[PDB]
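One chain comes next, on its own, written out as structure tokens in the form deposited in one PDB entry.
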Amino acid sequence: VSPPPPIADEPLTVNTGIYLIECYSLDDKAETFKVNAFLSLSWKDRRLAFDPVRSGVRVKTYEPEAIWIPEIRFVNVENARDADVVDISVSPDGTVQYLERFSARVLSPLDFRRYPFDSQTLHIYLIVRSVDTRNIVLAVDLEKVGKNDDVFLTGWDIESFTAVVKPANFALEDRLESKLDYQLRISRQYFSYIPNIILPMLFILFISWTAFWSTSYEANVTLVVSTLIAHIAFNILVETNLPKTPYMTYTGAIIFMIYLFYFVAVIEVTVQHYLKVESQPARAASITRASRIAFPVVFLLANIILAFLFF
């Protein structure tokens, strides 16, 4: 078996389509997802053409070994996809209709800047390397691009699965390469983060602020230090679920800013005590009374600035 010879000097168009059956294991740390889907390939092989009246049959079925099939690969996969040929059908004019069911672990970078209120565009890149006989160009058959209704990616909302119809045709190692970008638009289900991380973290911070209504240094030290320890636990929990980004994430920014609030609260609690011992509680009382409004106001305004910078 060899590639079909050209009529003129035209390239061989291989019409593609991916129909998603399953989407699972979107690992944020690894920036990988798992996909189980149908891959459909269609090209014309004039050698395979037949007379439908003389042959009786309207379609002829071939085994992969029996005919020429273009070597389609996925660019962004960990290892080569596991594939099982579903069907190969040849029409009287010689149009080959290949279909396979594959499973692969796809490497697709994520943007965590707005986490956990972020949306992503997952990619699946199809590629074909040209041959010495003739160049192979990829196309999108929109009728064969889709996803089944039941496709669920845990903790994500699937927005759309579409292909960028114009292929990226470039030279690689003195041969032509035809690349196709299949995009899966998803958005994170941020709900869980509110009762699991966001609200517990705000509560422990507000509990620390009750020290602004207490003159007891020993009890204030306990309050602020203990709540800071609880905050560290949440910070660690959050960073163990995320990859190391060279940029600041929304959650990471909030978490870091809260450390400064704990630090300033310690300074206040210390200032309040130093003045009390120094026989001047009049100055301590004014600082503490100010902190009661200052701390929540500055926190609320700081978060407004942060949200603005990130969204």
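Here, rigid core means the biggest group of C-alpha atoms that superpose within 1.5 Å across both forms. Shifts are known only where both forms have a C-alpha. We number the residues from 1 along the sequence you see.
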Quick one: say whether 161-169 or 215-223 has the higher mean Cα B-factor in the deposited entry.
-> 215-223
Comparing 246-254 with 280-288, the one whose average Cα B-factor in the PDB entry is higher | 280-288
Peak C-alpha temperature factor (PDB record), options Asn36, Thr32, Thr270, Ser40 = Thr270
Whose CA atom has the top B-factor in the entry, of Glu71, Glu100, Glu239, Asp149?
-> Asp149
Report the third (lowest, middle or highest) to which the CA temperature factor of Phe206 belongs, ranking only the modelled residues of the same chain.
-> middle
The third of the chain into which the C-alpha temperature factor of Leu12 falls is the middle
Using the B-factors in the PDB entry, rank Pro200's C-alpha atom against the chain and give the third, lowest, middle or highest.
-> middle
Taking the C-alpha B-factors as the PDB entry records them, is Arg134 in the lowest, middle or highest third of its chain?
-> highest
Chain thirds of CA B-factor: placement of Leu26 | lowest
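The discussion below concerns the form deposited in another entry, not included here.
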Identity of the moved residue from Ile72, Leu228, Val106, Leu138, C-alpha shift 2 angstroms or more, core fit between the shown form and the other one = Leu138
Inter-Cα distance between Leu142 and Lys166 in that other deposited form, nearer or further [3 Å or more] | farther
CA-CA separation of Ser40 and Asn135, closer or farther in that other deposited form than in the form shown [shift of 3 angstroms or more] = closer
Where the chain shifts between the shown form and the other one once the rigid core is fitted, runs of at least 3 with Cα moving 2 Å or more = 4-9, 132-145
